[PDB]
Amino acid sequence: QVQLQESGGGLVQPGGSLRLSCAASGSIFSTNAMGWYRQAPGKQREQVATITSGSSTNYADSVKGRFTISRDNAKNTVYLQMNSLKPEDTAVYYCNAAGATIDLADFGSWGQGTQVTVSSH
């Protein structure tokens, strides 16, 4: 069973920066593509960024140039560096497997996620 644990969220001012971390266990991490996901109230969960086992990245159009996804194979961790944050980026952020074809055994039950709130007040 794949276990996922996100951290690093919090309250940030518009235009500020934040770095999310996700520890994944239960699978052979270095052979899997990984991704960051987010869900705001009343919106569907969306895949925001993906990174292949070979570190090829892809991003949602709304975060291109502002978010950077990276991975540390030695620690089985995925990272999401978020600069120039906008209120529309407010959501609970989750990480999980990604890729064009995913073994169901590699797609873990969703972790608790980490809340990101972008507001002035």
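All residue numbers refer to positions in the sequence shown, first residue = 1.
Relative to one another, 80-88 and 49-57 have unequal mean CA B-factors, and 80-88 is the one with the higher figure. As recorded in the PDB entry, 26-34 is the stretch of 26-34 and 92-100 with the greater mean C-alpha temperature factor. Among the modelled residues of its chain, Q44 has a C-alpha B-factor that falls in the highest third, as given in the PDB entry. Split the chain's modelled residues into thirds by C-alpha temperature factor. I69 is in the lowest one.
For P14, the recorded CA B-factor ranks within the highest third of the chain. Only modelled residues enter the ranking.
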